[PDB]
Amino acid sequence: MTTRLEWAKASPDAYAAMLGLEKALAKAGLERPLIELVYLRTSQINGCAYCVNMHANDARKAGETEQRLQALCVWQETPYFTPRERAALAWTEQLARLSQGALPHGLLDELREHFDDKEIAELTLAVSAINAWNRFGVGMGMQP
């Protein structure tokens, strides 16, 4: 990492609070490989190069396949993802671009074809946290 402002040095509290997001999802029932896809697809949408690099590397270390890794930015028209992963990425895409308009009503319905309500909160936790990391990532000018 290179950065324009060492935000964990300047505010240990903020850094500790953000780790708390990670600590809660580390405990989550939701699969780590799904979460990695959510982190990776979100960081791509948000243009956070540090987080893209980080989370591609982690998904790959856990053996994520180069085929799914390269195709994730265009997942909709690929045969590579399960209906469960696809519902979670639809959620991810829409919630990454929340500034752009209303979220479709039936999206949460589609999720619950594939996930229980606890998984959905954990999923939304993951979206929420990466969107948070990306904002420090890009705002503080961090680079891989």
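Start at 1 and count along the sequence shown; that's the residue number.
Trainee: Taking the recorded C-alpha temperature factors, which stretch has the higher mean, 90-98 or 113-121?
Mentor: Going by the record's values, the stretch with the higher mean is 113-121.
Trainee: Return whichever of 103-111 and 63-71 has the greater mean Cα B factor according to the PDB record.
Mentor: Between 103-111 and 63-71, it is 103-111.
Trainee: Hey, what third does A26 fall into on Cα B-factor, ranked over its chain?
Mentor: Ranked within chain, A26 CA B lands in the highest tercile.
Trainee: If you rank every modelled residue in this chain by C-alpha B factor, which third holds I130: lowest, middle or highest?
Mentor: Ranked within chain, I130 CA B lands in the lowest tercile.
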